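Enquirer:
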Amino acid sequence: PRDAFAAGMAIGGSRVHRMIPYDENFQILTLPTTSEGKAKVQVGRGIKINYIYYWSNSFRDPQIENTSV
DNA sequence: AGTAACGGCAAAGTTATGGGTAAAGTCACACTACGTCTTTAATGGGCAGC
């Protein structure tokens with residue numbers, strides 16, 4: 692397959708218009724979610740995803756606290 | 001005799017209900033409740049009269 696792939700890129704070119712860098716934004720664009728897709732924000736704890744709690748400063752707001760996001 | 005409407009057969013679908021696992025959600029660990037005042041009735045001493 693490797694030489695066939697090289698021949699394919701030789702005949703068909705490279706098509707640089709389709710080139711996408713491996714930047715962090717793409718990585719964010721390739722992130723799956725959980726089945727429910729929402730997690731509730733506990734006081735101090737954060738959001739429980741896959742048995743693991745995650746925290747951000749934005750959770751300290753009273754209006755978001757104790758809610759599902 | 002051909003065609004559209006009606007109805008039976010049946011499978012396909014729809015909620016519903018009692019099970020299973022897996023994961024989000026709760027909450028107690030943070031020294032700590034048992035404690036005190038009030039109530040009537042019976043009884044048991046000393047104290048006094050016979």
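The first sequence begins at 692 in the authors' numbering and counts up by one. Idealized CB from N, CA, C, for every residue including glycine.
Which one of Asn757, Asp752 and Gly737 has the shortest CA to CA distance from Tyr745?
Expert: Position 54 of the first sequence, counted from the first residue, corresponds to residue 745. Nearest option by C-alpha distance: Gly737.
Enquirer: List the whole-angstrom C-beta distance separating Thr758 from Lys731, where the pair is believed to meet the contact cut-off of C-beta under 8 Å.
Expert: Along the first sequence, read from residue 1 onward, the residue named residue 758 stands at position 67. Along the first sequence, read from residue 1 onward, the residue named residue 731 stands at position 40. At roughly 7 Å, the Cβ-Cβ gap stays under 8 Å, so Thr758 and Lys731 are in contact.
Enquirer: Is the beta carbon of residue 810 less than 8 Å from the beta carbon of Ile755?
Expert: In the structure as shown, the chain starts at 692 and stops at 760, and residue 810 therefore has no counterpart that could be examined.
Enquirer: The alpha helix (DSSP H) that contains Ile740, what's its start and end?
Expert: Against the first sequence, residue 740 aligns to sequence position 49. No alpha helix (DSSP H) contains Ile740, which is instead part of the beta strand (DSSP E) from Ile738 to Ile740.
Enquirer: Quick one: give me the first and last residue of the alpha helix (DSSP H) that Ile755 is part of.
Expert: Translated into positions along the first sequence, residue 755 becomes position 64. Looking at the DSSP string, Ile755 is not in any alpha helix (DSSP H), and its letter there is neither H nor E.
Enquirer: Using three-state DSSP, classify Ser759 as helix, strand or coil.
Expert: On the first sequence, position 68 is the one that residue 759 refers to. If DSSP states are grouped into helix, strand and coil, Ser759 belongs with the strands.
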